[PDB]
Structures are given as structure tokens and as C-alpha cells.
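Trainee: Protein chains in written order, with PDB author numbering: chain A, 1 to 176; chain B, 1 to 176; chain C, 1 to 176; chain A', 1 to 176; chain B', 1 to 176; chain C', 1 to 176. A prime marks a further copy of an entry chain.
There are 6 protein chains.
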Amino acid sequence: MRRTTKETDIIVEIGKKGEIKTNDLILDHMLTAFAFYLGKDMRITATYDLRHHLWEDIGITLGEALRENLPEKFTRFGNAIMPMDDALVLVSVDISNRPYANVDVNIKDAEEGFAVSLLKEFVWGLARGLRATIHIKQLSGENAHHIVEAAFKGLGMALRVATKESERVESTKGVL
Amino acid sequence: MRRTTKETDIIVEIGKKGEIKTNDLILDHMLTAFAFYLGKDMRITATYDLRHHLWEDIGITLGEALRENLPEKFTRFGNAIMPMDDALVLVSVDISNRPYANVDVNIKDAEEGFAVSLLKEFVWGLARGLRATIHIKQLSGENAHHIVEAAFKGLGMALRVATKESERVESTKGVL
Amino acid sequence: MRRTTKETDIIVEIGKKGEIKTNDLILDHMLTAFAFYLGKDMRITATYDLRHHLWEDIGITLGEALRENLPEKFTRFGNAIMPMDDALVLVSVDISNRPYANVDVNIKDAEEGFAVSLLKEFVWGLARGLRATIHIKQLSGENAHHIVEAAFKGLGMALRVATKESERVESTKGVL
Amino acid sequence: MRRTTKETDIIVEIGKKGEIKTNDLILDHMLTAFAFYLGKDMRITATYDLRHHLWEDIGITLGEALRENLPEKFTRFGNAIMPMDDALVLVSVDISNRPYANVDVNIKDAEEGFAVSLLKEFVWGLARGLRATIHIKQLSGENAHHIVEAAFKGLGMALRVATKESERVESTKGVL
Amino acid sequence: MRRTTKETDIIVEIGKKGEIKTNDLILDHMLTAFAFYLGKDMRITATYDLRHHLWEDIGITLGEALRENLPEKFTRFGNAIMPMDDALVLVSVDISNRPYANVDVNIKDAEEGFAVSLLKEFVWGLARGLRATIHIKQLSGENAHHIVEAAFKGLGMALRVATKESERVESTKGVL
Amino acid sequence: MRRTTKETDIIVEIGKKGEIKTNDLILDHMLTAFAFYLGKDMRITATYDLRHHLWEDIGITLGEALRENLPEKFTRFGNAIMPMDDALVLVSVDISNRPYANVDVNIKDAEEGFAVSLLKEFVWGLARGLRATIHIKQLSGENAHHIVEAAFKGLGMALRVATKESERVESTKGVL
Ligand SMILES: O=P(O)(O)C[C@@H](O)Cn1cncn1
Ligand SMILES: O=P(O)(O)C[C@@H](O)Cn1cncn1
Ligand SMILES: O=P(O)(O)C[C@@H](O)Cn1cncn1
Ligand SMILES: O=P(O)(O)C[C@@H](O)Cn1cncn1
Ligand SMILES: O=P(O)(O)C[C@@H](O)Cn1cncn1
Ligand SMILES: O=P(O)(O)C[C@@H](O)Cn1cncn1
Ligand SMILES: [Mn+2]
Ligand SMILES: [Mn+2]
Ligand SMILES: [Mn+2]
Ligand SMILES: [Mn+2]
Ligand SMILES: [Mn+2]
Ligand SMILES: [Mn+2]
Ligand SMILES: [Mn+2]
Ligand SMILES: [Mn+2]
Ligand SMILES: [Mn+2]
Ligand SMILES: [Mn+2]
Ligand SMILES: [Mn+2]
Ligand SMILES: [Mn+2]
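Have a look at this one:
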């Protein structure tokens, strides 16, 4: 999946062994966590002007890539509760075709490179590209890196469950 | 399972392909959700005088029907965390033989047909008929329909887990 | 544009002389306002189970209908400030391909048939179907009908501006 | 229009196709937005010592360039209300010959490169170079980039209106 | 349009080149502003006993004169956002045939001759004579003269829009 | 696993049919719960001077016993949400090699033999002996016995998941 604008140029290829190299070492780490806990190899390359555009557009392109990869009938729902030392983060996903994100974190000890702005824009991008409902709810924690990385691990774990093949269309209304 | 009083007359048949028709369109939708996420066909028909009596007595009868269908040795415990757009609802069930319900929701945007009274009385009815401990804990949300429907989806998912056969009596005291 | 689920069956036909008949007299009035201030005839018909499903699905279908009718190059942005007696409501739209809604109203004098739940679900449906950013911000007011009707008038007026043909792709990133 | 001090050297040429290259990627993006929504090509080049000096002196030089470009009789007033996802920003301009700026924003989620100091100094610079009254009033929002970029888009849109030719001197006192 | 009582005698002639002379220098200035931003010449002369009676009765007579001059089918709605140095004032008009005024200002630095009483009574008079809904909402400001003059400029600008000819009766109910 | 100091002498033998006899009937019950929900037989015997030393040292010894039994590649993460009547307790474990415990309970109705001191010291002992991150987070509840027993049931259930064999080293850093 490739997405190109005048701001960013992003390639996300799920199922291909390859590097994750976005030219942002924080995002590279977060995406490495995401892919590891999703349980899939992926190749991700990006160029960008501003980090916000990178994080958001990575989210969009990753979402679109996940959507393209979905089986016809998929499990739809997946959750994860992820600890990382002091951090404890609930991640809940519904591949609902109703884009929505709610990211509720409370970072006490900030860390350079980790920003709520960037986390939120990645998650909104992902929600919009995948066309999904995504909740990130911090239950405990203080450290920025532990909170944000737990969220990315959790997204991977939750989507591992939600993107699995199902025997039915998982909606009482008969369509998503 | 049939339960008849001077107020209501209710039939719940689990495992039978059939209609869910209670003469309350909101409850029909909630029960459709419940059954879908439980993963069982059911036929439910009711007549009633007042909606409270309907919701409670449906809970009792459904609980009794679930209890009748349990294997001798069952998993006992099941949880679900269910998102619906803004709503995020935790449902926790223990088929404990200790009737108890705790329903903790916070509806900001009310909706006609959706009432905490009716939800609580359905859940207490279910707890009493099944003979179970049931928690409904809203983690996030504003919209009445999203919150209540998430609760019914969650009850279905949780009971899907809790009602499966187990290799042992699931209690250290040796009996339920 | 026809959209059909097990819950609702909706037709929205923009540019066609016809009636607006949803089987909800409040919504019929709101949509009549919307269409009048948009400056287009439309035919709308619906069947539904529950009013929430109606309001949301009308939003979705109307949004998709507006998206289908959008010129290749469109103005993208449109605003309205709409008074109705005590009410004064700001509506701001960006046809951004970034679904988002923020509805901030404060109804002091409630009115049967008018609910924040239903307004919010219509607007989120519209945002998701059109793929747009939509703000509704009450500046003044107390009366439910005045506030909500002002919002619908304002959506029509704002979308009248935003859906007009433009000479260019209205984004510095080169893509919408 | 060129302005040179011991701190900065800035060229702003309105109506010339060219690059916007200030050696600050955030400002380049903001100025690209400004020019796009103004509806004019411009060439902007700068060297600078400190970013504050750049932002302020860009504002001054851009203001002077806009002032030089004004027709004899101009519309004087222009407004914009600009959404960007969560952000909603009102921009109001009066080319009054009374330099004044009031920038009222509330950034909840900060972003590296985006600072209220720099926004305010650009706007004051612009107000002083153009000789104008400028209000930036955040109505909604949390994200720094969305708020600041909406302000720059809004300045462009507002000045598009205010700098258009008029049939009269737009003041009851007979002069500006 | 002439209106005579035992308290005041007022002539308002729209479209006539002429003096604005009410024997109140503050009101003469405000009305000069109003007429300038409306974009019409007018002749206004008054005698009065008390300033309140003047301001109110000028509003009534001006409203009646505007009403008399309306085309059969008129635009109905008009808004303005007007800055004046520190002041930023929103004016919203609906020629609704439902008299109503809401004037919400917050003057920090008072000025002799400028009073909320007089502004409010002019606006209510105008609403009653024209038969219109009028909102004046201060968004920012401290100085009495800047706030009140912005309101009069804004009323002129808003009514410039609202009083233009339209192709239709601008109401879904088919009549005003 | 035998651990002997001048204060305590503890045997924990996982996978062995035997009794749990610590000379503290509360701890015997808690450990019976832990083992049952872990899904393992175990033999535990202890002598001790002071109950704190017992609870802590049981934690340490049990943790070391679990660590000894861990497969080379293990699942690492496990969670449980456990109801017991009024109580609802979240337990989250990461076998991280980063000892940490956070126990957040709120006992309203105290019970002899049940103490936050002792619970916390058992959990910290377990965290240190296993070399793990352990969160215990009360979501609801009042009764001391229900809260504490839910925590022990939850630890068993969570560790059942976390101690299972995996196909890989469960860390992006390549080392645990
Ligand atoms: O789409 P699904 O499968 O979640 C079922 C819908 O009834 C949910 N819903 C969303 N808004 C009101 N109800
Ligand atoms: O009945 P179970 O299997 O949950 C085991 C009991 O010890 C629980 N309990 C209830 N009250 C005090 N303890
Ligand atoms: O897409 P457009 O036209 O609004 C231009 C983007 O730079 C906006 N943006 C959104 N998030 C950060 N920047
Ligand atoms: O200069 P203009 O056209 O806005 C008209 C002036 O009367 C405004 N003003 C500024 N301070 C007091 N009055
Ligand atoms: O008169 P219009 O054109 O604004 C349309 C009316 O429905 C408005 N309204 C006033 N009160 C309740 N509704
Ligand atoms: O050790 P793991 O597998 O959890 C991966 C690490 O990056 C986590 N981490 C801990 N502190 C900062 N990052
Ligand atoms: Mn963004
Ligand atoms: Mn890390
Ligand atoms: Mn009852
Ligand atoms: Mn529903
Ligand atoms: Mn909905
Ligand atoms: Mn109406
Ligand atoms: Mn400065
Ligand atoms: Mn941007
Ligand atoms: Mn009076
Ligand atoms: Mn003046
Ligand atoms: Mn100790
Ligand atoms: Mn017990």
C-alpha cells in the first residue's frame, strides 16, 4: 500500500520481511512493537516534511493496508490490556466501518520524541484508514515511553484478534 | 423455557432458529445483539403489561433457560470489553450460584426507549434466573444506545465463554 | 443513493423533486430545512426500526449522496451562523476526507422528539458518509427546537458553499 | 519586498511563482498554507539567526509586501472561520492603519516546532507591517498543529477578502 | 418614513442623499456607521425629549423604513463579524417576522455617551420596526466606543446581506 | 523449590499433588485459589515467625518456582478480570525480567486475617522471585475477602496464560 502527497510518501507492505525505516527513530520503535504484537512481518518506508504529517499518514496508510489485507469475514473485535512497568493501557478495537478514536492518556514524566499530539494523530489516521473504532485508555502509569509503547503493543495485540478470519459477517445488521 | 404470571408470558428457547418478538422494539434489538454475540440461535416471544415487567421477566426466563442448558461442568467465568463508537463497556460474569448484579453506567445523551431502570432490571433478572454474579461497568461513553447495546453485546460475549463445558467443577470449595 | 441494512432502508436522491418522508416527523422537518438551505430538491424515503438507526443512517446515506454529487474540484470549506429566535448556532464544514464531528449544544428547554443523541448521530453519520470535518457550536440559546433546527439550516447553508465547484484541488498537499 | 537587519534577511515577492524557503520547515508549511488560501503565488526566501527573529521579521516583511500590493481603494475587512479536525479558529482582519494583534489560543497537545511565542510574533509582525487590526480567536481545539495551521489558513482567507479592490475608501472618517 | 409621538419626531429616508442629524452626536456617528456599512445613503432627522426615547424610536423608525423598502422576496439572513481594535463583535440578523433582540456585550472601559441601555433600546426598536431577530454577541473587547461602533458597523453589514432580493420566499413554511 | 532463612522455611513444589499448609489459614486459602486458577497441583509447606515474613517469602519462593518451570520461550503476558460478588479486580502480568508491583485496592469492609500489607508483600515477593511486572487494580468492591481472593484467583488465571510455551522470544529487543 502506497500513499503519496506533497508532504509524505509512505509504503506499507504487510507480510513482507523487510525494514521499518521512517526516518523517525521513535516511530520506528513504536511500529516495530506494533508489528511484533500483531504477529506479522511488514516493510515500512517513509519520507516526510514534518513529524505530525508522518505519524498521521503512517496511521492512514497502515490502516488502508490492514483493510486491504482483511478476509471477507473477519472477527471485527479485539482488545488488549498491556502493562509496561508503571504503565497499564487498555486498547479496544472494533473494525466497525465507523471511524472514531478516543485516546485518553495521562503522561506525568514526559520524554523527548513522545508526544500525545503524535500518538493521537497516528491513532486517528489508523481509525480513518482501516475504518474502525479505536479506544486507548490508560488505566495506570506515569512514564511517557512506557505509556505510548504499551499503547502500540496493545494495538498490535488487539488487531491480531480483530483481523482474524471469521465464519460470518460479525454484525446483527447484516453488513459493515 | 416458559414463565407465566398475571403480568407477563414469556418463552425462551435456546438453540431453536426463530423470531425474537417481545412487542418492545428496543428489547428485541438488545436481545438480537445478546444472542448474536452469545453465538446461539434463539426463539423468544413475550406478552406483557408494563415494560419493566417485560425486561425483568425476560432476564429471569433467559437466565433460567441458560441455566437449564449448562453442562454439568462449565467454565463459570467470562468477560468482555465492548466498544460502540464513544461507548466502552466491561461485562464480567461468574456463574457462581450467588445472585448479584452491579450495573454502573453514566448516560450523558439519553435516548427514548433506553432507560437505566430497564437495563438494571433485565440484568438483575438474568442474575437471579441464571444464579450468577454480573458486573456491567462503563469505562467510557455518552450515548445511551451505544452504552446499553455494548452491554448486551458484552453479556453475550461473556456468557459465550462462561457457559462452555469444562473438565472440572470450577470451584476450590468443590461445589457451586 | 439507496442504503439497506437489516435495521433501515433509506433512499436519498439529491436534485429530484419529491417528498421527504422518513416516518419521523421531526426528522422530516429537519431534513426539509437542510435541503432548503442547501438549495436543492431532494427525495428522501425511509423505513426503520429504531429512531437512532434512522437518524444515523440518514446521515450516512445523505453524506454518501453529497459525496457522489461533488464536483471533481470543490470549494471544500463552508460556514454558517444561523439564528432562530433565542438560538444562535455556528456550523463549520471542511470536506477534508477526515471524518470528524464535534457537536456542542446546550439545551435548556427540552422538547419531545428533539434529542442530542439523535442530532449527534445524524452529524457523525453525515461526517462519515461525506468524509468530512463538521463542527456545530452553539453560541446562544435555550429552546431545543430552535437550536436543532438552526443546526440543520446551518448545515444546509454551509454545505451549499462547500460543495460548489472550484478551479483547483483545495489542499496544499495536492490530494483530498 | 526586502528587509535586511543584522539578524535576518528576508525577501517576499507577491505574484511571482517561486519557492517558500525560510530554513524553518514549520514556517515554510505555514506560509505555504497562508499563500494558498490568500490565492496568490509568492516567492519567499530568508536567512536568520534565531527562529523568533525569523517569524517576526517574516510577518513584518509579508505585511509590508501586502501593503505595497494593495489597490488605492480596498475592501479593508475580511474574516475566516477555519476548521482543522478538532481545531476551529476565527480570524478577523481590519486593514485599519491601527496596528493591533490579539491572539487567543489554547493548545492542549503541544507539538515540536509549534509555539505560541512564534505565532504571536508573526501575527504582531504582520499587523505592524501591513498596519492592520488582527484577531485570532480559537473557538475549539486541542492539537497545536491543527490550531496554528487553521490560523494561517484563516489569515490567508481573511486577507483574500480584505485586500480586494473596492469602489470607495472604506471609512466613514474619509481616510485610513 | 416619519414617526411622531409626544416624545419624539423622527424622519428616516433611505436612498436619499442627506444629513444624519438627531441632536445626539454619539447616535449621529453610530447611524453614519450603520448607513455606510449598509451601503445606502440616508437622510435622518430627529427631535426628542430624552435620549432613550430617541435611540429606541430611531430604531423603530429605521426598522419600519427598512421593512417598507424590502423586495417581496428577500435574502432574510445576514451576518457580520466586525473588529475595532480590541473589540470583536458578531451581529446576526434574520428578517423573520418574529421580533427578538439579544444584546450580549461586556464593556470594561466605559465612555460618556455610550450606554448599554441605549444600545439595547435601539436594537429592540430596530427588531420591532423591521420585525426581525437580531443578535449582537461580543466575542472580544474592552472599550465602549469600539464595542458599540463595531455593533453598528456589523448591523449595517448584516442588513446589507439580509435585505437583498432573493428568487424565493426564504422559509420552508412558505410564508414569513 | 526450598528457601530457608532464619525467619522462614518454605517449600513450593509445582506440579506435585500435595497439600498447601503454611500455618496461616488465610494464606492457605489464597494459595489454594491461586493454584486452582493457575491450573496446577502444588505442594506448599512453611514454617515462619511473623506473618509478613511468611507472605513475602511465599511470594518470593513461588515466583522462583514459577521461573524455574517456565519454558525457554514463553507467552510472557497474561491478564485476568475476576469478579467475586461485589469485587471486580483486574490482574495484569508481564514476565518482563523487570521486577515491579502496583497493588491498588480499596477495602471498605475489613476482615480479620486480610491485610493490604500482607497482600502487597506477597505480590512484591512474587514480582521479585519471578522477575515480573504485576498490576492488581480494583475496579469495584467493598469486602476484604472478596477483593483479596479475587486478586489471587486473578493472579492464577493471568499466570496460566503468561507461563504457556510460545514459538518465539516475546520481545522486540530479542532478550528477556
Ligand atoms: O453496527 P453494529 O453491528 O455495531 C449494530 C448497530 O445496531 C450498532 N449501533 C450503532 N449505533 C446504534 N446502534
Ligand atoms: O465459591 P468460590 O469458588 O468463588 C470460593 C469461595 O471461597 C469464594 N468466597 C466467597 N465468599 C468468600 N469466599
Ligand atoms: O489536508 P490539508 O489540506 O488540510 C493540509 C494538511 O497539512 C493539514 N494537516 C492535518 N494534520 C496536520 N496538518
Ligand atoms: O476609522 P474607522 O473607519 O474604523 C471609524 C472610527 O470612528 C472608528 N473609531 C476608532 N476609535 C473610535 N472610533
Ligand atoms: O419560520 P422559519 O422559516 O424559520 C421555519 C420554522 O419551522 C422555524 N421555527 C420557529 N419555531 C419553531 N420552528
Ligand atoms: O523489553 P520490552 O520487550 O518490553 C521492549 C522495550 O523497548 C520496552 N521498554 C522498556 N522501557 C522502555 N522501552
Ligand atoms: Mn493532523
Ligand atoms: Mn522501548
Ligand atoms: Mn423489578
Ligand atoms: Mn443499535
Ligand atoms: Mn450510533
Ligand atoms: Mn420548526
Ligand atoms: Mn519579538
Ligand atoms: Mn499540516
Ligand atoms: Mn424603552
Ligand atoms: Mn468612532
Ligand atoms: Mn517486606
Ligand atoms: Mn473464600
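For each residue, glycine too, the CB sits at the ideal point set by N, CA and C.
1. Between the stretch 146-156 of chain A and the stretch 36-52 of chain A, do three or more beta carbon pairs fall short of 8 Å?
2. Is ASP49 (chain A') buried or exposed, if buried means 16 or more other CB atoms sit within 10 Å of its CB?
3. Which same chain residues end up closer than 8 Å to residue 178 (chain B') when comparing Cβ atoms and leaving out the 5 residues on each side of it in sequence?
4. From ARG2 (chain A) to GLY15 (chain A), what distance separates their C-alpha atoms?
5. State buried or exposed for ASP85 (chain B'), treating a residue as buried only when at least 16 other CB atoms are found within 10 Å of its CB.
6. Starting from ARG128 (chain A'), trace the alpha helix (DSSP H) both ways and give me its first and last residue.
7. Say whether chain A' places a C-beta atom closer than 8 Å to the C-beta of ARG3 (chain A).
8. Tell me, please, which residues DSSP counts as bridged to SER166 (chain A').
9. Establish whether the CB of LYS164 (chain B') and some CB of chain C are separated by less than 8 Å.
10. Between which two residues does the alpha helix (DSSP H) holding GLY63 (chain A) run?
11. Starting from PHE74 (chain B), follow the alpha helix (DSSP H) in both directions and report where the run begins and ends.
12. With which residues is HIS135 (chain B) paired in a DSSP beta bridge?
13. Does any heavy atom of ligand 8 sit closer than 7 Å to the C-beta of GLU121 (chain C)?
14. Can a CB atom of chain C be found closer than 8 Å to the CB of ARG128 (chain B')?
15. Between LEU62 (chain B) and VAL123 (chain B), which are expected to be in contact by the criterion C-beta below 8 Å, what is the C-beta distance as a whole number of angstroms?
16. Compute the beta-carbon to beta-carbon distance between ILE134 (chain A) and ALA127 (chain A), rounded to the nearest angstrom, for a pair I have assumed lies under 8 Å.
17. CB-CB under 6 Å to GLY129 (chain B), same chain, minus the five flanking residues each way: which ones, in chain order?
18. To the nearest angstrom, report how far apart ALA151 (chain A) and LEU90 (chain A) are at their CA atoms.
19. Whose C-beta lies closer than 6 Å to the C-beta of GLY113 (chain B') among residues of the same chain, with five residues either side of it excluded?
20. Mind checking the stretch 78-93 of chain A against chain B and listing, in chain order, the residues whose C-beta falls within less than 9 Å of any C-beta there?
21. Could you check the C-alpha separation between residue 179 (chain C') and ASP28 (chain B) for me, to the nearest Å?
22. Give the range of the alpha helix (DSSP H) segment to which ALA46 (chain A) is assigned.
23. Confirm the yes/no value for this check: CB of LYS108 (chain C), any heavy atom of ligand 5, distance under 7 Å.
24. Pop quiz: residue 194 (chain A') and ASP24 (chain A') are said to be a contact at Cβ under 8 Å. What is the actual Cβ separation, rounded to whole angstroms?
25. Excluding five sequence neighbours on each side, which residues of the same chain lie with their C-beta closer than 7 Å to the C-beta of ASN97 (chain A')?
26. Could you check if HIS52 (chain B') belongs to the surroundings of ligand 15, using beta carbon to heavy atom distance under 7 Å?
27. Once you ignore the five residues that flank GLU142 (chain A) on each side, which residues in its own chain have a CB closer than 6 Å to its CB?
28. Could you please tell me which residues of the stretch 17-50 of chain A, in chain order, have their CB closer than 7 Å to any CB of chain C'?
29. Hey, is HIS53 (chain A')'s beta-carbon within less than 8 Å of any beta-carbon in chain B'?
30. Would you tell me roughly how many angstroms separate the C-alpha atoms of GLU149 (chain A) and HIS53 (chain C'), rounded to the nearest one?
31. At least one CB of chain A closer than 8 Å to the CB of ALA110 (chain A'): is that the case?
32. Taking the straight line between their C-alpha atoms, what separation do you get for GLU72 (chain C) and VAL161 (chain A)?
33. Indicate whether at least one CB of chain C lies closer than 8 Å to the CB of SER140 (chain A').
34. Report yes or no: is there a C-beta of chain A within less than 8 Å of the C-beta of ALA144 (chain A')?
35. With C-beta atoms as the reference, is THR163 (chain C') less than 8 Å away from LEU66 (chain C')?
36. Would you mind working out which of B:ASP94, B:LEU118 and B:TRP55 sits nearest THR22 (chain B), comparing C-alpha positions?
Mentor: Result, derived from the coordinates:
1. The stretch 146-156 of chain A vs the stretch 36-52 of chain A: in contact.
2. Exposed: under 16 other Cβ atoms inside 10 Å.
3. What is shown of chain B' runs 1 to 176, which leaves residue 178 (chain B') out entirely.
4. The alpha-carbon separation between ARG2 (chain A) and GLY15 (chain A) amounts to approximately 15 Å.
5. Buried, since its Cβ has 16 or more Cβ neighbours within 10 Å.
6. Annotation: the continuous alpha helix (DSSP H) that includes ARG128 (chain A') extends over 116-130.
7. With 8 Å as the cut-off, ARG3 (chain A) does not count as an interface residue toward chain A'.
8. Paired residues: none, contrary to the question.
9. It does not; no Cβ of chain C falls within 8 Å.
10. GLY63 (chain A): member of the alpha helix (DSSP H) spanning 51-69, first to last residue.
11. No alpha helix (DSSP H) holds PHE74 (chain B); DSSP gives it neither H nor E.
12. DSSP lists B:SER92 and B:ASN102 as partners of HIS135 (chain B).
13. No, ligand 8 has no heavy atom inside 7 Å of this Cβ.
14. No, no contact with chain C.
15. The Cβ separation is near 11 Å, so there is no contact.
16. Cβ atoms of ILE134 (chain A) and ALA127 (chain A) come within 8 Å of each other, at about 5 Å.
17. Excluding five sequence positions before and after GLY129 (chain B), the CB atoms of its chain that fall closer than 6 Å to its own CB belong to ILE60, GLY63 and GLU64, given in chain order.
18. Distance between the alpha carbons of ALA151 (chain A) and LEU90 (chain A) is about 8 Å.
19. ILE26, listed in sequence order.
20. Interface annotation for the stretch 78-93 of chain A against chain B: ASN79, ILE81, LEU90, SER92 and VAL93, criterion Cβ-Cβ distance under 9 Å.
21. Any question about residue 179 (chain C') goes unanswered here, given that chain C' covers just 1 to 176.
22. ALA46 (chain A) -> not in any alpha helix (DSSP H); beta strand (DSSP E) instead, spanning 42-48.
23. No - ligand 5 has no heavy atom lying nearer than 7 Å to the Cβ of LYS108 (chain C).
24. Coverage of chain A' is limited to positions 1 through 176, which leaves residue 194 (chain A') absent and any answer about it impossible.
25. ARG131 and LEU176, listed in sequence order.
26. True, at least one ligand heavy atom lies under 7 Å from that Cβ.
27. Excluding sequence neighbours, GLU142 (chain A) sits near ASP86, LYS108 and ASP109.
28. Under the 7 Å Cβ criterion, the stretch 17-50 of chain A contributes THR32, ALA33 and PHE36.
29. Not closer than 8 Å to any Cβ of chain B', the Cβ of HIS53 (chain A') fails to qualify, so no.
30. For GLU149 (chain A) and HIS53 (chain C'), the distance between alpha carbons rounds to 36 Å.
31. Closer than 8 Å to some Cβ of chain A, the Cβ of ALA110 (chain A') qualifies, so yes.
32. Taking the straight line from one Cα to the other gives about 39 Å.
33. Judged by the 8 Å Cβ criterion, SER140 (chain A') is in contact with chain C.
34. Answer yes: the Cβ-Cβ gap between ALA144 (chain A') and chain A drops below 8 Å somewhere.
35. Taking 8 Å as the Cβ cut-off, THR163 (chain C') and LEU66 (chain C') qualify as a contacting pair.
36. Selected option, being the one with the closest Cα: B:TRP55.
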